[PDB]
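Using ideal geometry, Cβ is built from the backbone for each residue, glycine included, and neighbour counts are taken over all protein chains shown. Quick note: the coordinates plus some simple rules give every number you see, no bench work behind them.
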Amino acid sequence: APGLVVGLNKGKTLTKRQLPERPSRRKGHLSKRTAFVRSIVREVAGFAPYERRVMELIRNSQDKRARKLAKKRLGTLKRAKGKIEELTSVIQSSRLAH
Amino acid sequence: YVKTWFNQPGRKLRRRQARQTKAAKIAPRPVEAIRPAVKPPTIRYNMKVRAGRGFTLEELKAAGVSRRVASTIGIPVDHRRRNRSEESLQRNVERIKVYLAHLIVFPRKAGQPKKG
Amino acid sequence: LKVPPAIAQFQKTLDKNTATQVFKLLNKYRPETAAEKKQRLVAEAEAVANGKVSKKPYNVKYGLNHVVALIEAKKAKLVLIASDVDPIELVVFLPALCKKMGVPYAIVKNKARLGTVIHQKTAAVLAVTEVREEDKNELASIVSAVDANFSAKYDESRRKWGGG
Amino acid sequence: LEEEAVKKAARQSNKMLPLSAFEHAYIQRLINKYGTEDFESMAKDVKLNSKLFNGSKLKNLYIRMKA
Amino acid sequence: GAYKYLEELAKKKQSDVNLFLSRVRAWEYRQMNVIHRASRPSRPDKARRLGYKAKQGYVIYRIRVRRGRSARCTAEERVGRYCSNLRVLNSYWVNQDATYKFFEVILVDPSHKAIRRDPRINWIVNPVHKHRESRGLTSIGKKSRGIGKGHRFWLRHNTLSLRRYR
Amino acid sequence: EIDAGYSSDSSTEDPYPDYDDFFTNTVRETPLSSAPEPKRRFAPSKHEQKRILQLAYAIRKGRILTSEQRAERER
Amino acid sequence: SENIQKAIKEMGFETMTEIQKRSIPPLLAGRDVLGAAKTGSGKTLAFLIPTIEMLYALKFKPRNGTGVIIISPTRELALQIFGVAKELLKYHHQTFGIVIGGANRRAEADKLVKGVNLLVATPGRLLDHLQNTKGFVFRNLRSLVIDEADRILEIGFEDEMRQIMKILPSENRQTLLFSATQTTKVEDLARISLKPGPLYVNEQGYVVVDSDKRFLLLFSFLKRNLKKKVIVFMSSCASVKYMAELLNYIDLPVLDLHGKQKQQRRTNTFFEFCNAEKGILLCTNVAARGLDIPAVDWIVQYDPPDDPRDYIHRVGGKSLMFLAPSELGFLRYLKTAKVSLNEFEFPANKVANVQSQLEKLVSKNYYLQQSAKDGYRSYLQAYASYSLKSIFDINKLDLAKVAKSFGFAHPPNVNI
RNA sequence: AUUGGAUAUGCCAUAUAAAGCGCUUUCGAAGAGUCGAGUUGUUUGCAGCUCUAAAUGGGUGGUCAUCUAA
RNA sequence: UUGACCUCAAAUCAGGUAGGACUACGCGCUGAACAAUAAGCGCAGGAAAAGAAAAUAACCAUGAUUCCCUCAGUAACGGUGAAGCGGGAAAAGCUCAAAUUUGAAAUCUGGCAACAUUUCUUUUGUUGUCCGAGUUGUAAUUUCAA
């Protein structure tokens, strides 16, 4: 008969199961179209005044001052490190094109 | 402010009248939905078995009930819970299977056009 | 005032002669009106009610989401962008997206003129994706004209901050 | 309760469907050219399969025509 | 689609294109009224994801508030008072300058038949949604009173509960 | 070592550049979306067929005037 | 079981070949076998029938996970094996599947978590799934099959194969190994993978044509040689299916060794082609690997072969090679092989200018467009898996020109 | 007298339609003056001000687990 | 020029809607004294609010919200003072934005004309037609559980 016996136990035997990956855990993965959209917009929109100054320091090989300015503007190191890498590749792509 | 419990026997009667009111509307089906059997999430209680919220999708797939059919025959679905072990899967798959054995599903009339 | 190059490019529109020739091809491929669509469908309804297989339709593509998806799919042969979209950032990326996808594009005047082709008050962008075999040479000549009168022209001007 | 459920389900059991005038003429024309066993080539004929029904839809059309 | 490009362009708010448009439109909005009707949203991507549909019964209103309580909360309330027959759906930030913060508020007409016959916005017709912004039921209003799920976010502890058998 | 020194920046001791196309200088040759093409684009429209059956129904029920009898009513 | 026999007789397979004499009977007992056979001996049935028996014997189910893992060096060989295993499991319930390089990895993960009992894998992709994919149940692995072990070693999957054996369980698991040649690497891998004491079993013509004109030259050539016997070798079965379908759609009736991926139809088609005095047949290198070549006036290598060492021995009426200018480095390899060759010259005027009409036909038809994308994608993926990376470099290949040959105005979006 | 959910049954039914399950040599978009950083006030939350992001990223926890905000 | 579009206005134009009152309970804002305290101000309903995890945990794991009991006068803090688990009452899940319907804006308000319908001659719709809205995006489809 349908009935739940609450308390006591049911069984101490264990057998670990392998679980798949949930769709929500896929968030943050980069898409082929989102990467294209961002590359187009980044060129179209231009650069912020603080990104222009940071790009100037990287061009003059003053990376110590560039990283300091990015952190002072953005707030943390890993945000500054990511921005410097993004702007460095912009310079490299600009140099290859021009 | 001081809370008083003079309506304690009046809440008991009111809640029982709701169960009777609910049962009148849905005459032969149970007043509650079947709940899974889970184990509480602590080292103090993991030996006990209690009732869960709903059955996982992996438990329903094994039992043979789809997640869209399940809600219609009184089987709750918990999209959040998962089966990290084979004992939780089998303990609740059998619970669903026993439920289906004791269940009578009354047929529904279906619209049926002439041709096509 | 001083305007960025991505917004300055919208002040350099296609010339009157090329735009007039562009709309001669566009007006051959107008979508059927709400009335003409109803007449065609009711005509097929009587052929079904009593008792009884076509070709793919031909028309100009419109809609901002629709056209941008056609450019990304490289399905568009010619993209005509309105020059006076009220929020400019709606079409401010379209010349760059058309450059990236190799789509011949032009900035034409009077977004109202674009809407008239599609029986609408207003269209932000029109796109010709694929036309009949009779108009292959007419579209090809237009695309060559847009290359010279819009892409070969300006170009160096579109990379400069306008205004001031 | 159980007796009523089985008897009523038996009454409401006609699940197979007939074909309309268009459905019958559609499937009949496909069969007359490609036989009755080759449904994969039946779906790939653009002229007769205008609606682009796949082999599984055409198979279900033929089955409903048999009964 | 074009709302992918519009919404990624809205993250670069101080880029060349966005800075020029911020300063040009901020001057334009200052010549208008404090609260003025908007023919169409200045951010069609942001309004669209906040519940706005380009159909009859949906209204966009712009309002400027002085910088220096929540700025967005006051914009919702001021517009709600200005249009007393509409329901404030949501609101968002469009522009700012050294003095003013500009917001656009999405309102819905609970009396229009295109609203009352649409099941997806039918809920706002019920009287329980009268002046949602006034009771802190909007997105910024809920955030203002710290409503949320988690440890990051009275009466039942200042009272003595005396049972019948105690 | 980092010498624990100072770099003269620590607190203790073109305004209008030209447009630069660093991404759109080249042309992408392939479509952006790799999703398969649905069959709906190679088959007659199902939206219109829905309306045709709906119109054909109301023609039988007499809700909509047919083209032949539309002209007769006009004259 | 009867289900095995009912499936086997569907393929039209009777009696039993020589290599299976020392492999099929002993392998049915669950003992490790070190097979060694040449090309075309029929090893596909050798390591599939006993393993399929063992799936039925243990009553495996998708909840149990993968029980048999078959490793193949190339996409085409793995796909051909997967097609055969599908035929053998026609009357079964044990799930089967294939994971290959360059395929949809996300889609493969969704299929692996559901439970694939018979998995056909490639060394590159299997290691990726065995390390990263979650929910892939393989703790119940019971049989392991390696086909063309020498080919795997020469490709450069020695490191990948080592991690596979270290990750996959070794206890109570049957293992296999098949290699045409026994080298030091093959013997070393067998010693570290196979169980101790195993049962051991034992003139050229080319045309320098650009990619965009590859099909147009081919079509014009076939029109000219309609009164002869033509056999064309392709790099994939999907490429075979599309070109065969397209050629029949432009009033050039041809035959293909694809059919509907039915083994009986391929034998019937080959038998009809051999019997017929005149005709044209299309097939891939793997399908024709080990088969008996009839008296054919023209043999055409439309796509470069993936095994140049085997191809140069197979050739030894007239031979043709459709070599792109970027593939001219293969000419130098021919000199090192000491094979006489001559260059074929063709006039651009005589080439059919039907490319514009070809694109219109492909775009208008749903199934032609679908086949064209599958053929183009598979041809590129087979190209990226070539052994001669220096000669047949995919990066040097012009993708815009290649897609023109398939009837595409623009290169479709295919990954790798 | 006014009503609600069912049952039975007649008629009508635009089904060339619409679904669930199953399988993959094909794909899979996810919310910004926000998150966050500094600082100043109200009672950690909230608020102002200055600055201002990311894409297996981000949040919260104990390399791992869990969650998927605006 | 005609003429479309965008504006800016006007009308004793048509159809609507807001105010004030109550305020025991409810949700915001504000605030002294002897504390989210009274007051002051704003806004609802028959309940309100909250609500389908950017939640807990460290387990054999749990599974929206709300309320009760317990945890507990405990941890923590500097006398204040929770929460996870656990036991109950009740249980129900979902909707968008971000995808090309593109082989066909498939969507919607209104006017008018008929046909119905009513707690009701007072109510609420249907069908047809025209106009408008809408491609600067209305339907179908999708919401990560996919």
Positions within the range G:254-278 being closer than 26 Å to G:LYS227 by Cβ and of a type in the set (S, T, N, Q), in sequence order: G:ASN268, G:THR269, G:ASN275
Where a residue in the range E:136-160 is under 17 Å from E:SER70 (Cα atoms) and its partner, wherever it lies, is part of a loop (DSSP other than H, G, I, E, B) and away from RNA strand H (no atom under 14 Å from the Cβ), with Cβ under 7 Å and at least six apart: E:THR138/E:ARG132
Some residue of the range E:60-73 being over 17 Å from E:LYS130 (Cβ atoms), within 11 Å of RNA strand I (Cβ to nearest atom), of a type in the set (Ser, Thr, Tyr) and out of contact with any strand residue (DSSP E or B) (no Cβ under 8 Å at 6 or more places or on another chain): yes
Those residues of the range F:58-67 which are in contact with a helix residue (DSSP H, G or I) (Cβ under 8 Å, 6 or more places away or on another chain) and part of a helix (DSSP H, G or I), in sequence order: F:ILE59, F:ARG60, F:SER67
Candidates B:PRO30, B:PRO40 - the one that is exposed (fewer than 14 other Cβ atoms within 10 Å of the Cβ), assigned to a loop (DSSP other than H, G, I, E, B) and touching a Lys or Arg at 6+ places or on another chain (Cβ under 8 Å): B:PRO40
Test for B:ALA70: is it under 11 Å from the mean Cα position of the chain (by Cα), hydrophobic (A, V, I, L, M, F, W, C), near RNA strand I (Cβ under 8 Å from one of its atoms) and more than 19 Å from A:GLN18 (Cβ to Cβ): no
Cβ pairs under 6 Å, 6+ apart, first in the range F:28-41 and more than 7 Å from chain G (Cβ to nearest Cβ), second of a type outside the set (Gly, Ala, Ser) and assigned to a loop (DSSP other than H, G, I, E, B): F:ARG28/C:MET101
Within the range A:82-98, considering residues that are farther than 13 Å from A:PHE47 by Cα and charged (D, E, K, R), the one farthest from the other protein chains (Cβ to nearest Cβ): A:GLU85
Filter result (at the interface with chain A (Cβ under 9 Å from one of its Cβ atoms) and farther than 21 Å from F:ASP18 by Cα) within the range E:8-28: E:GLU8, E:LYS11
Flag for C:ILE107 being buried (at least 20 other Cβ atoms within 10 Å of the Cβ), more than 14 Å from chain F (Cβ to nearest Cβ) and outside any helix (DSSP H, G or I): yes
Out of F:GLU29, F:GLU68, F:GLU13, F:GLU74, sole residue that is away from RNA strand I (no atom under 15 Å from the Cβ) and exposed (fewer than 10 other Cβ atoms within 10 Å of the Cβ): F:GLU13
Test for B:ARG91: is it facing chain A (nearest Cβ under 9 Å), within 15 Å of RNA strand H (Cβ to nearest atom) and under 15 Å from A:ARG17 (Cα atoms): no
Within the range B:6-27, considering residues that are within 16 Å of RNA strand H (Cβ to nearest atom) and assigned to a helix (DSSP H, G or I), the one surrounded by the fewest Cβ atoms within 10 Å (Cβ to Cβ): B:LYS25
C:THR116 more than 30 Å from F:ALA35 (Cα to Cα), among the hydroxyl-bearing types (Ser, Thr, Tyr) and under 15 Å from the mean Cα position of the chain (by Cα): yes
Filter result for the condition that a residue is away from chain F (no Cβ under 13 Å) and away from RNA strand I (no atom under 11 Å from the Cβ), over C:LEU64, C:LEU80: C:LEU80
Any hit, the range F:47-58, residues being surrounded by 11 or more Cβ atoms within 10 Å (Cβ to Cβ), closer than 30 Å to G:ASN415 by Cβ and more than 11 Å from RNA strand I (Cβ to nearest atom): no
Verdict on E:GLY51 being within 12 Å of RNA strand H (Cβ to nearest atom) and either within 9 Å of another protein chain (Cβ to nearest Cβ) or surrounded by 21 or more Cβ atoms within 10 Å (Cβ to Cβ) (or both): no
Criterion (surrounded by fewer than 22 Cβ atoms within 10 Å (Cβ to Cβ), closer than 18 Å to G:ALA149 by Cβ and more than 11 Å from RNA strand H (Cβ to nearest atom)) met by exactly one of G:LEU58, G:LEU127: G:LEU127
In the range E:124-166, the residues that are more than 8 Å from RNA strand I (Cβ to nearest atom), away from chain B (no Cβ under 14 Å), of a type outside the set (D, E, K, R) and surrounded by 10 or more Cβ atoms within 10 Å (Cβ to Cβ): E:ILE124, E:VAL125, E:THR138, E:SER139, E:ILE140
Selection within the range A:9-25 - charged (D, E, K, R) and either in contact with a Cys (Cβ under 9 Å, 6 or more places away or on another chain) or more than 6 Å from RNA strand I (Cβ to nearest atom) (or both): A:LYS10, A:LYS16, A:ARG17, A:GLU21, A:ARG25
Segments classed as strands (runs of 3 or more DSSP E), wholly inside the range E:75-166, with at least 2 members that are within 15 Å of RNA strand H (Cβ to nearest atom) and in contact with a strand residue (DSSP E or B) (Cβ under 8 Å, 6 or more places away or on another chain): E:87-96, E:100-108
Some residue of the range D:13-30 being of a type outside the set (D, E, K, R), away from chain B (no Cβ under 14 Å) and either more than 30 Å from G:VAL362 (Cβ to Cβ) or over 11 Å from the mean Cα position of the chain (by Cα) (or both): yes
Enumeration of residues in the range B:78-89 that are over 17 Å from the mean Cα position of the chain (by Cα) and not charged (D, E, K, R): B:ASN83, B:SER85
Members of the range B:28-39 found to be away from RNA strand H (no atom under 15 Å from the Cβ) and not small (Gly, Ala, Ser), listed by number: B:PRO30, B:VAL31, B:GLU32, B:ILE34, B:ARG35, B:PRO36, B:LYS39
Positions within the range E:54-79 being of a type in the set (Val, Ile, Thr) and away from chain C (no Cβ under 14 Å), in sequence order: E:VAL59, E:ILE63, E:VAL65, E:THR74, E:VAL79
Checking E:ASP45 against (1) more than 9 Å from RNA strand I (Cβ to nearest atom); (2) within 18 Å of E:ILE106 (Cβ to Cβ); (3) within 14 Å of chain A (Cβ to nearest Cβ), the condition it does not meet: (1)
Contacts under 7 angstrom Cβ, first residue in the range C:40-57 being part of a helix (DSSP H, G or I), partner small (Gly, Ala, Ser) and surrounded by 17 or more Cβ atoms within 10 Å (Cβ to Cβ), 6 or more apart: C:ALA45/F:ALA56; C:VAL48/F:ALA56; C:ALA49/F:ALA56
Of all residues making up the range A:1-41, the number that are over 18 Å from the mean Cα position of the chain (by Cα), charged (D, E, K, R) and surrounded by 13 or more Cβ atoms within 10 Å (Cβ to Cβ): 3
